[PDB]
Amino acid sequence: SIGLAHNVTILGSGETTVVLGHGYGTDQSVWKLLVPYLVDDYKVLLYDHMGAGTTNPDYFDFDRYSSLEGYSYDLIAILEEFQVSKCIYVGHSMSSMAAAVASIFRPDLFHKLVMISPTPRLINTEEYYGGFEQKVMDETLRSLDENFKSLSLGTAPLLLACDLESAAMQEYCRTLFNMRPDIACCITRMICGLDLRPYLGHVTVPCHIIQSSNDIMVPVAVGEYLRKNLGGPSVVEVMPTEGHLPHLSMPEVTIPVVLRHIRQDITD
């Protein structure tokens, strides 16, 4: 079963299903503080994307997961297996973009997308600022495999905007280093090379874009870029948070914002 392969869990009850999709380096446990505020009002489906440390390495196809589309098509299959349609999809960066692509092919499966720290592309061009320069990225990725742990540990405090000794950091590193090393490196290279800009004008489901005010992975202007380039309606809310995973590191601020966007539609 694809649901079993993705450790799908179902909780709550209701006519509307919320689907929670964790981002890079985490698993569905990242949602543990949000779930209590959903369980009374919604059915909730949680899953781990393929290659998370909780998943079977034998199911990781290095060809399919070298681009984001494979994750999009897996998500469709998960939703179909559990008879989910018109869901409220809540995702962190990588996952929210995979759902956006999925929604082009199956808009019937999505009522809206709630996106925490999304970006369609990290690498700068002459006309687009994603935060990272190609030639520096090239140097860093050349020695990624032998340096995965040291580079990840070295950058995580700025990535998360948390101290190395903090509880949020310990939680992130626990799941990050649970991935098998070759799988982690494949997913990392996939993320660093993504360019989903060609898809944006064909996304038409409503998108709720939730960003930290200071996120080393997401220049603040990327949210407005998404609003201007998505094909349907969207709302952009920059939060008084720092870090790329504000749902993990600053839940006291982030959870009420996520809940508002789950509960309140921007279309009729």
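Note that residue numbering begins at 1 and tracks the sequence as displayed. What we label the rigid core is the largest C-alpha set whose atoms superpose within 1.5 Å from one form to the other.
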property	result
Divergent stretch in 7 other deposited structures of this protein, 159-167 or 109-117 [C-alpha RMS, superposed by the core]	159-167
Higher-scoring stretch by recorded Cα B factor average, 81-89 or 162-170	162-170
Mean temperature factor over C-alpha atoms, higher-scoring stretch between 72-80 and 119-127	119-127
Given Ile209, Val218, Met50, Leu45, the residue at which the Cα B factor reaches its maximum	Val218
Entry-reported Cα temperature factor of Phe110, expressed as the chain third it lands in	lowest
Third of the chain, ranked by Cα B-factor, where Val8 sits	lowest
Assigned third (lowest, middle, highest) for the C-alpha B factor of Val136	highest
Cα B factor band for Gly232 (lowest, middle or highest third within the chain)	middle
Lowest, middle or highest third - CA B-factor, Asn178	highest
